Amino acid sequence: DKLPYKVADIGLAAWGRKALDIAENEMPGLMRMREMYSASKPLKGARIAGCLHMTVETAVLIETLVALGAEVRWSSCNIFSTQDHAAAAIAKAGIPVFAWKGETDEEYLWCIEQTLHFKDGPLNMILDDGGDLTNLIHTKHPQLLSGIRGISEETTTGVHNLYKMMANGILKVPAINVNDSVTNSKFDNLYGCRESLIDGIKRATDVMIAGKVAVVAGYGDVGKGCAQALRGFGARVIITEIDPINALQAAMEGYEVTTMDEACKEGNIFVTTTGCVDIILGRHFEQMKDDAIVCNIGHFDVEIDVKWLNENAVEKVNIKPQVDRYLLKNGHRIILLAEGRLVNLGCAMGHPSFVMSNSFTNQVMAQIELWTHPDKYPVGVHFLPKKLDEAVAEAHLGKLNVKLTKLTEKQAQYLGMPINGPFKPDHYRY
């Protein structure tokens, strides 16, 4: 029970390494963190248990925490999101990794647990992207809690659960809600899904986007990026919403807002961008035009009533991996992607490296704070300082070559703000 790592095939490393090379040039934030802190080794003594989809970009993250001098043990937060050659490299790198494609629920749980203990004791830091690493511990390894200094969550569902545990006096460790940074929120949510929604759809169906009517349920950040992605292609986007402010937003950009009920008749493509359930049900499926393409990029296979399909469907033919085509009792066909799960993760390579570098530099900064500024973070879920958000940004202005103008004493004075200090109030919405 004392393995050094458990990946699909160690062989893949050489190639996995080829990728981490190309990818690193696209992740300025992490690479900067490496420069600025590789010497300081500000993470020494930290034993980080990371639970985040084991991909090429996470590899760059893992090697960045190590470079900042820290012990790390990783396990993918998803059973399918792993990239064996990515995990290959990290293993060959002499780093404990317990990740591989399509593992069983039992294997998953196993994987995570393998990151709990180091050879100098148990973990003292948690890096989560869903709270599985946090929940598991809190409820099965209470012992270790007193030994953990911090937790950095980056997911809505994880962050929330943190607020809950804290609200119910269960949280026994300070956490930093990384997800609510602007550079983390916008990228992981808006630019991220915008760049990879169609990729997922293309690789799956290779269908033409233009000229098609695409229904997008939810106008949040993710919904916004998808709506902008689909429209950039020539499709006519229709939006459904429950929040009147977001719905106004949509209408002001030219989209048509209506209910899924009315909408399910018009759509050609259907993307669900919510953390809500029962977005698309049988009464909708039976209205859809022949060969409608349904897929979800929200967060769980909980937005599409997949079950109904597998139930009220005549035949279910599998065109290919993660692309099935159900036959309705009315003659119409229904192309369902990723089996209802996240289409960009299930049909594409997830989000680009540059995007991840933004949400991941936030992650590296949370570790540093949490493990170097304990006094600053009492038990509760905290937010990263704004001056540090701007920091994640500025570190990316190089890659794309943008010349940032620098305020001047007079100006700064006039504005009443530090020439380098935070440039906006905390409630600023960008």
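Numbers for residues come from their place in the sequence shown, where the first is 1.
> Please work out which of 354 to 362 and 108 to 116 has the higher mean CA B-factor as recorded in the PDB entry.
Mean C-alpha B-factor is greater for 108 to 116.
> Which is higher in the entry, the mean Cα B factor of 376 to 384 or that of 47 to 55?
On average, C-alpha B-factors are higher across 376 to 384.
> Based on the PDB record, which member of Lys307, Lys212, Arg231, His284 exhibits the highest Cα temperature factor?
That would be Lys307, according to the entry.
> Can you tell me which of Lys202, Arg73, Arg236, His332 has the highest Cα temperature factor in the record?
Result of the comparison over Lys202, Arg73, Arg236, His332: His332.
> Select lowest, middle or highest to describe the third in which the CA B-factor of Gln367 falls within its chain in this entry.
Lowest third.
> Once the chain's modelled residues are ordered by C-alpha B factor and cut into thirds, is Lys224 in the lowest, middle or highest one?
CA B-factor rank for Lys224: lowest third.
> Is the Cα B-factor recorded for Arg149 in the lowest, middle or highest third of its chain?
As the PDB entry reports it, the C-alpha B-factor of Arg149 lands in the middle third of its chain.
> Please place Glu339 in the lowest, middle or highest third of its chain by C-alpha B factor as given in the entry.
Highest third of the chain for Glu339's C-alpha B-factor.
> Ranking every modelled residue in this chain by its Cα temperature factor as given in the entry, which third contains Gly131?
Its C-alpha B-factor belongs to the highest third of this chain's values.
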